[PDB]
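Values quoted throughout were computed directly from the atomic coordinates according to the rules given, and no laboratory measurement underlies them. So basically every Cβ, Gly included, is an ideal-geometry build from the backbone, and we count neighbours across all protein chains shown.
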Amino acid sequence: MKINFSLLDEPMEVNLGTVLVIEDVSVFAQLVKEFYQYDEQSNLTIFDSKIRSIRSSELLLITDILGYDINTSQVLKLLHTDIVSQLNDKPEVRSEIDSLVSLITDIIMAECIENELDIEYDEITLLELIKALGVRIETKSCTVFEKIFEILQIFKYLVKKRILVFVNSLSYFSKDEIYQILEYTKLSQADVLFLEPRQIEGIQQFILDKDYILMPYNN
Amino acid sequence: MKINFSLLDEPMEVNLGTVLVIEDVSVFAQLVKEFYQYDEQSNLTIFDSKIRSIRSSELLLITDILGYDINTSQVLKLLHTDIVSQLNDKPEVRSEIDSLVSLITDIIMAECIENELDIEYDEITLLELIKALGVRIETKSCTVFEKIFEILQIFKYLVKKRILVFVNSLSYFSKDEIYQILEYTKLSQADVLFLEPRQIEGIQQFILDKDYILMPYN
Amino acid sequence: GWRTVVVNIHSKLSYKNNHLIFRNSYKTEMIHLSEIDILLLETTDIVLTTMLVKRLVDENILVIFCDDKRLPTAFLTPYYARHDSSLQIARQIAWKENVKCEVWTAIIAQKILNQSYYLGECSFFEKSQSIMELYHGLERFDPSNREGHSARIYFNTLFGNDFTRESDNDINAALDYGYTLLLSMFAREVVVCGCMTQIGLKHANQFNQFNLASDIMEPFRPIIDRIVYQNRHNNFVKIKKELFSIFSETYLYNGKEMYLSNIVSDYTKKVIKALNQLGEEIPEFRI
Amino acid sequence: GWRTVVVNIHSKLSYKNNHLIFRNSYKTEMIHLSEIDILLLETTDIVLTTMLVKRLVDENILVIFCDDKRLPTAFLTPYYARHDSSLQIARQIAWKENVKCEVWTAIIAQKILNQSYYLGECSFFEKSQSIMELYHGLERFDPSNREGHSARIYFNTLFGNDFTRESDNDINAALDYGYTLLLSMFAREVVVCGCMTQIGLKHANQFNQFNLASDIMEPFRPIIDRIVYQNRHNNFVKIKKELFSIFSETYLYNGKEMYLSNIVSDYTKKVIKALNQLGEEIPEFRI
Amino acid sequence: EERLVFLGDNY
Ligand SMILES: [Ca+2]
Ligand SMILES: [Ca+2]
């Protein structure tokens, strides 16, 4: 996952988490405007190992952390499927749940037989039980750090998003929280690209000077 | 207008443009969390000149400038209602519009009578004409400097919002653009409050030290 | 190169694929090095790379660095422009005072003759007749100082009797600016020839690195004096732009009409060849 | 100023509050402007600002630019308040033939003595005794040509009688590579001294432009021939890798054990100061 | 084909 712009000499590769610091406010604002307008503008080009350019639908742009909606139909559906798989991995728990659902179905079936009208039903499944329970992620009481962590956790659930990008999101988190975000990103394998006007101390990042020189920085 | 939190000794007043810098990352992130949770949390308070608490509906909180859509259902509703009121203030113009709409309805009605299939119609209204024309605020923004200006225009147009708050939005604009934004805020009289993790040089701002003491700057 | 590139704006300069890369936040533009003759940096906010400076030294492109006032500060001088320089140093050390005083006297005669031609085009009969008399009265070793008298009468006649070369007015500032640009181009041509620029052909006592380039650039001063005389009422900025228009304008050499850079290069080549061959032919430049 | 700032690594240079800011990936260093004397850039990856160039023009410090080969290419020339090195070049133009012959004979004697001593370390008594006899028989004007006679004995002793400098082989290319590195270092030192490298100590051959540095680097030449003799069986790439370690290796100067850069610097400074002062003392280097 | 190329203010 390499990204390239006219200011860079060679296309820079983005693997796991990547912190890109732009010291020039004009080049940073122009780069962010090229991030929002990416489908319209040909200046900023992001391509994969196949050199194929990714569509704006495949690109995930995030600026406001608390304003973004983490709960979606596809995210909640795939999450319910993941929970159903977790319950399916354990045979004993699945057997007990099947027993309880069998009892409830017996009670409701007796209540249906007591009625005068002829009634028919099918089954009560686990996905229908999770949908009836209303399982969803809670962003209401979550801190910004837990919100970004939940976004990194649900990025694997999003199928269509090729790369996640954050705009000036590193100013809220402490250095230790940034270390936790990067260390978790290395395990999640997702491709995250952060854009900050000022450099963060203690983390590896790519620095772009007002001289338009891109250099790697350990601190 | 004034804002008050447990960290401050006394509530600080926000008049016209205001720049607030928080030198503590924990107090800044917890402050933004108190901004989004303001309805849920009673810690952060806002007291106007009337010394009355305001609901979260009256507070406009905008973090991403480019990601904030200027065209909304409520904004288009208030704009269409405003144009309908302006057209209703002039009886002659509205009368001419009713005459033209009557002519078009007569033509389309004649074409409907010419068809072999039965057709039923109701009427045409000025609101349906405005919605059919697609009246909306200009969506063209070249840079974030212009988009923030449109946000200030729509904010000054909205009477319900008593305050506009930007979170880390000053990092995109140059110092000169910050001066133009402050001058435009002073000319528009609207109340704007900015929250920045670090201080900005050359402009007047309130610096909140890690000791929690608040001091004026420039 | 045929092109004089002037960068007055803050930006970054890189060298990519034999191409000068101008990178800025608003736009980026690439200009080939083969078309570029002179590179001028008029501001202190420009950034450059040492690799592009090495490519400019290999391309033999004059790089000028100005100050915050935009006046030129320091220019880049390459150590070895060509291998013929080390062989030309022995010839410069073997030069004779008769050839130096003869070539310098002929050059001063060409400068005074160009001043008389400028006053003749300005329709001054007494001034151009007096300057022509000083041209006919010029002698070796310059005992009468007819060159300095021709300059004093030239500037005093053009700008008025109250005017002087020691004044701080924008007229003398533009004169020193044009003399600095022409001295930079002529000095770069002398660097292309390879001979020592610090050795002058007139006075061996005066030690200056620009002495030789000034002696070669003496006949071309009236071209700057003309535009300085026409634009004297205009502001110093417009006078500087009109001074920059001299590179775009063409002048008529004895052979044909050519650009100023080609006339300076061929003139310096004929001057060096005449110095090594002991006055075979003296190039003459007329307005 | 006093300290000579040289940048051999990739880095950026800025000027803030009368303070030069040098920024490298490892650490950032700030140096006062009054402390710096001469500034040299070794590589092509260094980034500088025109504002710091203007502050250097006000500080008169000499700016030296080098190519990828490390040979100095161009230097900054200010239009006013020129550096003292330009005034020191006139003394190099005034160098007497007797001092040049004395320094050249001393250099050839040092090189031949180092070759004979190296042959003694290689435990060949006849060849080292012959080269020592030619060293004691060396005279001014070089009528005997004992240096060219000691050459064939040194190379024939090292690599065998079948080996020669004219033949094309990895050993000859390795010798030209080591001589190219030593020529780059000594040439950089001569450029730091400000003297023109085109003027050589040898009066016979002016063909080479490096003749001064090529003549100054002769006494250190055999140290390359030793590693080339040990690594002679290895491929040219491995010979280049072995020759690249000479910069990290430390050698014994007459005064104390030092790095090669400081030794070449002190030797070049003593050579230039001795040439300007007409033979006060001749720096002597022995393996 | 321009002799003088200006990158900056056009004066
Ligand atoms: Ca079912
Ligand atoms: Ca429920």
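What would the Debye formula give as log10 I(q)/I(0) at q = 0.15 Å⁻¹ for the alpha-carbon point model of segment C:1-85, no solvent?
The computed values of log10 I(q)/I(0) come out as -0.53.
What's the angle, to the nearest 10 degrees (0 to 90), between helix A:73-89's Cα axis and the longest principal axis of chain A?
Its long axis makes an angle of about 60 degrees.
Step through the table entries A:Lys140/B:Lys161; C:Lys241/D:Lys16; D:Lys96/D:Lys270, compare each Cα-Cα distance with 20 Å, and write down the pairs that go over it.
Pairs exceeding the cut-off: A:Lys140/B:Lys161; C:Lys241/D:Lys16.
Distance between the C-alpha centers of segment B:28-73 and segment A:62-80? Whole Å please.
22
Find out how many positive minus negative residues lie around A:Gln30, taking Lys and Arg as positive, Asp and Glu as negative, among other residues whose Cβ is under 14 Å from that of A:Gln30.
Around A:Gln30, the charge tally is -1.
Excluding B:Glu128 itself, calculate the net charge of residues whose Cβ lies under 15 Å from the Cβ of B:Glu128, where each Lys or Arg counts +1 and each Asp or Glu counts -1.
0
In nm, what does the list of distances from C:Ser123 to its counterparts in the other copies look like, shortest first, when each label sits 7 Å along Cα to Cβ?
So the distances to the same position in the other copies read 10.0 nm.
Starting from the exponent 0.38 and prefactor 2.2 Å, build the expected Rg for segment A:57-107 from its residue count and divide its actual Cα Rg by it.
That ratio works out to 1.80.
What number comes out for the charge environment of D:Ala213, summing +1 per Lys or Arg and -1 per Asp or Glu over other residues with Cβ under 13 Å away?
Every neighbour counted, the sum reads +1.
Past the 33 angstrom mark, what percentage of all C-alpha to C-alpha distances in chain C do you count?
26
Just to confirm the filter: which GluC sites (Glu not before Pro) across segment C:214-287 are DSSP coil and have at most 15 other Cβ within 10 angstrom of their Cβ?
The qualifying sites are C:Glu249, C:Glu280, C:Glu281.
Expressed as an acute angle from 0 to 90° and rounded to the nearest 10, what is the orientation of the C-alpha long axis of helix D:97-121 relative to the principal long axis of chain D?
Between helix and principal axis, roughly 60 degrees.
Output, in nm with one decimal and in ascending order, the distances from the C:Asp162 label point to the matching label points of the other copies (7 Å from Cα along Cα-to-Cβ).
Nearest first, the other copies' label points are 9.3 nm away.
Please label the shape of segment C:108-176 as rounded, prolate or oblate, based on the square roots a ≥ b ≥ c of the eigenvalues of the alpha-carbon gyration tensor (a/c under 1.5 means rounded; beyond that, a/b larger than b/c means prolate, else oblate).
Note, shape of segment C:108-176 comes out oblate.
Taking the simple approach of a point 7 Å from Cα along Cα-to-Cβ for both D:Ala94 and A:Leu126, what is their distance in nm?
Calculated label separation equals 10.0 nm.
For helix C:146-159, report the angle its Cα long axis makes with the longest principal axis of the Cα atoms of chain C; keep it between 0 and 90° and round to the nearest 10°.
Helix C:146-159 sits at roughly 70 degrees to that axis.
How far is D:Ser34 from the same spot in each other copy, in nm, shortest first, if each label point sits 7 Å from Cα toward Cβ?
Shortest to longest, the spacings are 5.3 nm.
I need B:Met109, C:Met258, D:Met51 ordered by Cβ neighbour count within 10 Å, fewest first.
B:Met109, C:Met258, D:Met51
Mind listing P(r) for chain B? All alpha-carbon pairs, 5 Å bins, whole percents.
Distribution as computed: 1, 5, 12, 15, 14, 12, 9, 7, 6, 5, 4, 4, 3, 2, 1, 0, 0 percent.
Cα to Cα, under 15 Å, and not fewer than 8 places away if on the same chain: which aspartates and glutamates meet these conditions relative to A:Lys210?
Result set, ordered by chain and number: A:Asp9, A:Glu23, A:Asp24, A:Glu196, C:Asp45.
What's the magnitude of the charge dipole for segment C:138-200 around its Cα centre, counting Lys and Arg as +1 and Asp and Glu as -1 at the beta-carbon? Answer in Debye, nearest 20.
240
Using only DSSP helix segments of four residues or longer, with each worth -39500 (n - 2.57), what per-residue ellipticity at 222 nm results for the protein assembly as shown after dividing by its residue count and rounding to 500?
The per-residue figure over the protein assembly as shown is -14000 deg cm²/dmol.
Taking a ≥ b ≥ c as the square roots of the eigenvalues of the Cα gyration tensor of segment A:73-134, is the shape rounded (a/c under 1.5), prolate (a/b larger than b/c) or oblate?
Because a/c hits 1.5 or more and a/b fails to exceed b/c, segment A:73-134 counts as oblate.
Cross-link list A:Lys50/D:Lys69; A:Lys33/C:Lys27; A:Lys186/B:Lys147: which exceed 26 angstrom alpha carbon to alpha carbon?
A:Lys50/D:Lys69; A:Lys186/B:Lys147, as the Cα separations exceed 26 Å there.
Given the protein assembly as shown, what percent of its DSSP beta bridges are antiparallel, to the nearest 5?
Around 50 percent antiparallel, to the nearest 5.
Roughly how many whole Å is it from the C-alpha centroid of segment C:23-96 to that of segment D:85-135?
After rounding, the separation between the Cα centres reads 38 Å.
Mind sorting B:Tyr36, B:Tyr121, A:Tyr157 by how few other Cβ atoms lie within 10 Å of their own Cβ, fewest first?
In increasing order of surrounding Cβ atoms, one gets B:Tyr121, A:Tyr157, B:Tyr36.
Just report the Cα centroid separation between segment A:108-146 and segment D:256-279, whole Å.
Going from one Cα centre to the other spans 91 Å.
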